[PDB]
């Protein structure tokens, strides 16, 4: 037997683990990661099986964005049989993975017209282009919702067959399915990947042990690039992944009710958004904030909890105000510096990566897992994932001008989403005075690379030393690839 080590116990690590263990009787597969799931994105997720719900005008204006969207639409088709195959290893008492079949997208005025109006139109267009079943519906026909009238939706979009899963029941089902197929769970973290003669030898663990392997799959979420970056040359050949720190909450509803569908807005300032995912047992999930952090953070800020709760109680259901808080959850969306995932092989024989999936790795997991396992078996996996190979020059999916327009719009959107109340001249004054500093920052960081808006705002408000370290990083990447 030829040993495979999967580093990471989120949706991506476990999904690849399950696929390898089921497909490869010739391999012993060991999966690393602790039950604490420190900084874990997956346990903090609702989660929405978001393909069309995730559409933004800005994403679909780039070739790379359209390619990512096509993969999300393909992933949706795999979910019914994937769920069936995971539930089959359990019993009724393990609970149901699927919590909703459909999604309603709501349009209210608690946000920027330049994001919410543009994104609602882009979602409609993407659905029509895909010939996907959907209907614009009367807001009056949306069941369950009880918004503040001043925060109410005036348009609503029903998307058929775009639903949600319980992320906790999914994780439990993946672990159980992994064990059933002969996989071994080793509850320790990788400290170091060992390689020599251009080949992986295995992994040093944080209990001081060494585990030998012919294949190492890195699916360590936001830690994935930092782990691989220690190997020779790879610090400037694997795009950096940061922590997209997200806050969500589990609430026991006042009357034990919940909506029959996912309820969501389109993506909002700096890839945040508002949604409610149904759960069993009189619980609802509400999400979810997003802030790119240059270092990991495992606790919610006061600001994040207040913003999430204020949005949900005003825009979705005022009944949530009197509902009991059961849990505040925090996890790190793996946020790639060039805005696209890191999926496939490396220049190191037997070294694979599955990371940088940001807001929709959980949704894409069955497709991504099958792609990487096909590559490991000498196949070509899924068409169109070649552009997202982990060992690459940074992608430039947008012009600097497009990103500078976007970062100012997203900054203004943090105001409109609050929502603020300002003198009417103040917004245009702030727009005018935001342009110059962001243009200056972009010019200073690099002659060739521009970070997307989500990362550019984090860099703008970081320490001088952190900005200078990123200037050096971008210059070493340019040197490596040009």
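Numbering follows the first chain given and starts at 1.
Across the two stretches, 320 to 328 and 195 to 203, the PDB entry reports the greater mean Cα temperature factor for 195 to 203. When the mean C-alpha temperature factors of 311 to 319 and 137 to 145 are read from the deposited coordinates, 137 to 145 comes out higher.
Of the candidates 163, 232, 339, 246, the PDB record gives 232 the highest C-alpha temperature factor. Note on 239, 182, 111, 221: the highest value goes to 182, judged by CA B factor as recorded. When the CA B factors of the chain's modelled residues are split into thirds, the value for residue 417 lands in the lowest one. Ranked by C-alpha B-factor against the other modelled residues of its chain, residue 210 falls in the highest third. Annotation for residue 10: C-alpha temperature factor in the lowest third relative to the rest of the modelled chain, per the entry. Residue 77: CA B factor lies in the highest third for its chain, per the PDB record. The entry lists a Cα temperature factor for residue 103 that places it in the middle third of the chain's modelled residues.
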